[PDB]
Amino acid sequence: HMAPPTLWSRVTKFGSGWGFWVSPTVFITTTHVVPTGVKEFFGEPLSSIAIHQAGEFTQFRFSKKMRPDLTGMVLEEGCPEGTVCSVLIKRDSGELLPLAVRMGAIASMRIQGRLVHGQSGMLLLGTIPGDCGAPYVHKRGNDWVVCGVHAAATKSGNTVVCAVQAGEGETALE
């Protein structure tokens, strides 16, 4: 499955990485790429934004329609073990680099000193500094679903981790 142009258009440069428009008002990204010391995002004052940060997963809900061209799409907390996702990496040059990843366990994992709630996966030509916040997506029927934002990798690059929304349940390690 190949992500269409509109789906790529949701991937937006942000801070030291990227984020993703889930709907006209909802933007998700990885916490550590979010700028600090600012009074606004995309021109909107912070007090006009509902900012939800759960570990390395950050969601913004803006008061005004920022991307009224977009339909809403489904955001889920990770995906079932074994699902092949696409990480929609945009590079600073403009290059698109969709990476196929077979997803693994949802867990709270220690990464660079902190506990991160996320899902690991095996890359199936990898991720680099600057790529964080890129969405992990997969196709369900005719529609695409987003389930995480890029957060980390191993030094070899073969394992990647996306941050996912907070939530415990019987398919995640706890």
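So that the term is clear: the rigid core is the largest set of C-alpha atoms that superpose within 1.5 Å between two forms. Residues carry their position along the shown sequence, with the first being 1.
For the pair 140 to 148 and 109 to 117, rigid core superposition yields a higher RMS C-alpha distance in 4 other deposited structures of this protein in 109 to 117.
For residue 125, the fraction of other compared entries lacking coordinates, among those that model flanking residues, reaches at least a third. In all of the other compared structures of this protein with flanking residues present, residue 24 is modelled, so it falls below the one-third mark for missing coordinates.
Gap check for residue 124 to residue 125: 4 to 9 deposited residues are absent from the model. Taking the mean C-alpha B-factor of each stretch as recorded, 138 to 146 and 34 to 42 are not equal, and the higher mean is that of 34 to 42. A summary of the deposited B-factors shows that, of 88 to 96 and 75 to 83, the stretch with the larger mean C-alpha value is 75 to 83. Ranking 12, 25, 158, 16 by the C-alpha B-factor listed in the PDB entry places 158 at the top.
The residue among 114, 67, 117, 61 whose C-alpha atom has the highest B-factor in the PDB entry is 114. The entry lists a Cα temperature factor for residue 55 that places it in the highest third of the chain's modelled residues. Compared with the other modelled residues of the chain, the Cα B-factor recorded for residue 2 ranks in the highest third. Among the modelled residues of its chain, residue 166 has a C-alpha B-factor that falls in the highest third according to the deposited record.
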